[PDB]
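By written order: A, B, C and D. Residues from 1 in each chain.
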Amino acid sequence: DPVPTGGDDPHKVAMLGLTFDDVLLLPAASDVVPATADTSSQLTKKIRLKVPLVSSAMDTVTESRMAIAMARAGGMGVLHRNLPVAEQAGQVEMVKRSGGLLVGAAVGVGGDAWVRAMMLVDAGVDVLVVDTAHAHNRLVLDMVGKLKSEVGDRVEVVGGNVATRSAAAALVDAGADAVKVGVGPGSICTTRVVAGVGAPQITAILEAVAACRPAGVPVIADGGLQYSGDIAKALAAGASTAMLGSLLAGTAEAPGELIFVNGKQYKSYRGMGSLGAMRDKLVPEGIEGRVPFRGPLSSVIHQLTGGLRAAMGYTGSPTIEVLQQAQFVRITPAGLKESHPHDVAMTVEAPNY
Amino acid sequence: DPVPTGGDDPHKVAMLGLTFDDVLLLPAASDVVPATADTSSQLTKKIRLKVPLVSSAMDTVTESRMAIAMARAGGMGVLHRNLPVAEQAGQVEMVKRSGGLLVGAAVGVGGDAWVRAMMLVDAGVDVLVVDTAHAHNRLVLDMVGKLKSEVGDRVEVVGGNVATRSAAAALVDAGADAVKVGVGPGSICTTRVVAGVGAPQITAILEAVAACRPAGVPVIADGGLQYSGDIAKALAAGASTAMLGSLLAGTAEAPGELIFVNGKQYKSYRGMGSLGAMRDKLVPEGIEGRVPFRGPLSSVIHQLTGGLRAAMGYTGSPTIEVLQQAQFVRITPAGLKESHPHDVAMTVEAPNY
Amino acid sequence: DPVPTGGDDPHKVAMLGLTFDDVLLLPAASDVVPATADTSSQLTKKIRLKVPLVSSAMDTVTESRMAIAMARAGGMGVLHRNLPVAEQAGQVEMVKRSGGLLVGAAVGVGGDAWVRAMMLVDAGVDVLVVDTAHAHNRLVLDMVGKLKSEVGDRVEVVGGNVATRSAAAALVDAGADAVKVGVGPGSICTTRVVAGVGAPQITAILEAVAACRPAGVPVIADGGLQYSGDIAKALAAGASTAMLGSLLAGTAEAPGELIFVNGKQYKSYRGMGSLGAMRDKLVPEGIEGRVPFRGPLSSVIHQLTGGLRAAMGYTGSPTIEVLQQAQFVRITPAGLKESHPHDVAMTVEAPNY
Amino acid sequence: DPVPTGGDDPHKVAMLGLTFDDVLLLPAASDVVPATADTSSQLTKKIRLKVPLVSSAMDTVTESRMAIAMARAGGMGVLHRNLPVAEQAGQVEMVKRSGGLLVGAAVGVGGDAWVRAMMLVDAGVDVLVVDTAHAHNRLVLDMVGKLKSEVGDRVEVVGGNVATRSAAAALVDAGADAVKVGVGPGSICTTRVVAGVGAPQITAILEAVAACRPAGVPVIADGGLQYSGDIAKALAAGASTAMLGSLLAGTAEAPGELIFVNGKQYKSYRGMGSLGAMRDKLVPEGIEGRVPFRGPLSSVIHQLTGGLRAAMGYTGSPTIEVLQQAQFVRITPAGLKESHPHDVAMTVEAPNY
């Protein structure tokens, strides 16, 4: 007799995938108030951040100005690779010359990516991010492994992106110092629609963590974060840091000029797999768009950490490590409606909503 | 082999959370007609109300005028604490001097909250509501316990808010005379989005009740009530009273002036954790907004009790205590669409819809 | 350890409720083409209709003109009771004098309802419909029983409305000749919102049928039917006839004048529990609104039967009795989107969509 | 004790139906990059295509121009039958005279359909598509069988449409060379609403394949495909080719003139069961509408194959046959929201979104 959803193979539909909106954190016994929570966390095996946030390696998000401001806010930036090797390495130099700030840089896969990585390491980069659509591909695992054996002593090597336990386990055996999770949840991403491929971000973190935690390897949750609450959910699912693109793209520090359409303020934000970024045989997996202007980075980060601090008070988590042990309740479409404010016209501006 | 939603921990996603919209009451055998239902119910262990409704302790909802009108309608009001101690206590005096009416007042936690509580008790308040975001926090449980031991004989002490069985059990062992349930369902609340924390209100009541009912402690369902039907659902899930903010904020008795935008009538309604209420390092967990003007309180309460009376006739519940034994059917997104009127342009105004 | 949705009572949430939109009929082996399907079916134990459709007893739907046209189309009408007893009985006379046409009439419960029923029976009505919000109430069951014992020989007695197996079983033991199912699915109904009470219509039919079919008592599915496809679903769930309000209210034969707002054509349609119908202590359980004008009844019925005929060809059902043995597939929100036409601007008018 | 959704029959609701939007492909270990994927696949038992795509047999989609362009792009077209037999056969001749291109043609059931098929076979058609609403009907199975025995040696015979395992098994025993799947998922289809009949397309493919694969008979997934990602999902569910209507209707090669409403470009697209196509006793099962103009076919096909190539790289599938072994993760409504780009205003045009 058949599997309820079709066919005679119970593993054809392997699992049920949950995203951030499908779940809430459960309040627990607490001796923690928001002010006394400690928000520090491992970016990689060797690098601990004061604030568990990293800015995305995208040409509309992180250049030296964002990397500097992020590091000073206690987080880190990853410099995008959509520029010539000399300029990317130069921006690494601009950051390290602003007071020994932490900084990462993305590279792709191949000989040119190899030359890029070597120039970044010479410029003093702290973290190399091997930055690909599908980390489970053999080329990526080999590139991670070779950087690891070659520099490794010198620098941390992160690999992404993955959406499964087996892929995270493969990066760990390749020697990854951290594993970055997220195939298709990005706000500007179209992978799930163009290729039909991906995994909902909460389930993707839970699965990657089932592989990375036993190996002592930290998980970076990347993409799909829209609110401070999602950061707490990603960390409680077992991630150690979160990487943000659209939440940080509207900020003053993000590269790009202010757009003034309708006497309203916007900034361009685009996928690195979008047509405008890659530059007609290209098949793009991202879109180009715009986000509201959100003002200074510092005040965006204060709001995000403040929301995370509230979640730690609610779950009784004095540190990120205890937050990673929190429980979820799953919700329905109706519970999401309730979870957001409802049945009121919002008349005054809110900083975190 | 994994848990279907991710990882190897079957308790990581502890349960499935239902809100008011996810469920309907099942009709049952009835010898009860709406007119003959008895709507009385316990607010606390010592205090029984004629109508099982309480107005929220919010600066846009309950001041002496609302408390007076609520008590005369057979319910009760809880005076908000966003004012100086002398004025809050003075408003308690204004209410008690209108004919021995019942009244509650909110307090926070701490020495100033202690002084506030002592002035309220001296003014003759009947119920102290310890009014916090997270009742499971140690400070709140201690504050409940100390008020209980100190005044206790004199006054009833309610604690909130909670969303779990263990938190309700902790308030009961601290000596709470009632437990108030609701983390994040409020119409103006942003906790679930800012902190990612909460529990859907039907499941939250069912769980709190599993702890409070064996201890003979009544549950106040607080927040997320939009229609008279939700009140019946909350009571049938085991709550003894319901607390309303937005349903009562549009009324004449609510503090605040009438707003006339578009030749339409509104009243301001805002979270107590909203930016405008608390008064840039604040991290708000509510929004400021507006609700339609709904006219006299008395006629709003008549509609709410009338809807509750209909539910009692449908479920065969002569009293609230029997209603608390009713059954639910769970519905899908499509069943909600059907449950509301559909496929018609509503052309004339309805008092309860 | 708890029930997943809350508490320690596995029966508190008794079941999962499906509505028409949650399910599709499964195609089966067929030697039936739409043209050769036989659409006849039992209205009651004694009365078989050529077309398994009845018009609702509502003041915006069925008066003598609709009853006449319905009967001539092979269905039946139920004359509403929102008029004086002499006029209702007179309309029964107008119908019987148009060629021995079938006709029903609604009555409520009580002595006045008793006098009304006796005048209707004298006028020659074929079916008395005891027409109430909650058939499981003791007054309704007694009224059904007394009419049954008193007239019974003379006339058929239908009872409604019910949403459960136990309520349908109670009407059967009271002597009902048919059981009408539907609490809250009506397009103009607000019971599920005002009282929070009801059951999704597919599950409600399946349950009523589990009680009525073993007793040889036909089930009338009443309310929530928006498309011809829903009629086939209701019959396949085990109903023998369907009762329609909004699908027939836009027709020329429906009482009421044509409304011409925006150079568009509408007809008033309102719940019998709406404020305008019942005529400020009333608590209404319906709304007043308007529906598009749909032209002649005859061509609406042709479309509805044609859709039902297609379903019979698809399921291989030569008769309604075989259709009642068909199977459903349950769908998700995404399957409903797919089921309706999608991703196209509809530019030309369709008669059945 | 009852079945949770109603009644005492566990098979009344036979299964849970998934559509394309309910699922994503899971990334897997890969030694495949998009460029090196091989997209060839069986259309029928005897015919392998370079690109696993077929254009729909609809009067707004496939006439000789589309059939020619499709075949040159490595796919195939099926010429619609809403024209006189001499013109349809003539269009077959126009295609075969453009360099030995592959071509199919639709026929219905009956003697006229028989004469049509014989003229098509004489014109040199490669595939006859027996093109009906319900393939499980006895007339269709006999028509498939008779064509098979009569021509069979000469030509391939495909049968559709089906939505169940038993129906696909019946076509296989009738001698079908391929089975076409899809009852009601079409963008312009109204079967699920008019008749209430159908099955969600992912489950329908899984079930048909459970019957066709053991018999070595290829499955054509037909209808409901809106994005390149859906094609990959349909193939991974076990289909061998996909048939497209609306994705190809906006193209220059599609029959019909360009529409210029609002200084925007559209093309007419309509169901073959729509009122305008069939030409008031007709009961239509489709609508007439319009789709955006999408430019040259060639560049639409490049985008579709490019998306499919990405999915093959992500799942580690060097060929379509390995893709058919990929796994799904099921998603919720919230996961779909995430899967599409979200929380950004799309400002620049995307070729595949």
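Here, a contact is a pair of C-beta atoms (placed from the backbone, for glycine too) under 8 Å apart; a residue touches a chain by one contact, two chains touch by 3 or more.
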Between chain A and chain D the C-alpha superposition rotation, given in steps of 5 degrees, amounts to 90
Nearest whole angstrom, what separates the Cα centre of chain A from the Cα centre of chain B? 38
Interchain centroid distance [CA atoms averaged], chain A/chain C, Å: 54
What are the residues of chain D that contact at least two other chains? 15-18, 20, 203, 333
Linking chains that touch, what shape results: line, ring, star, complete or other? ring
Every chain pair meeting the contact rule: A-B, A-D, B-C, C-D
State the interface residues of chain D toward chain A in the complex, per the touch definition above. 15-18, 20, 23-34, 165, 202-207, 209-210, 227-233, 236-238, 299, 302-303, 306-311, 313-316, 327-335, 337-348, 350-353
For chain D, which residues count as touching chain C in their complex? 2, 4-8, 11-22, 133-134, 136-139, 162-164, 166-167, 170, 183-201, 203, 224, 226, 246, 266, 268-270, 274-276, 280-281, 283-291, 333, 336
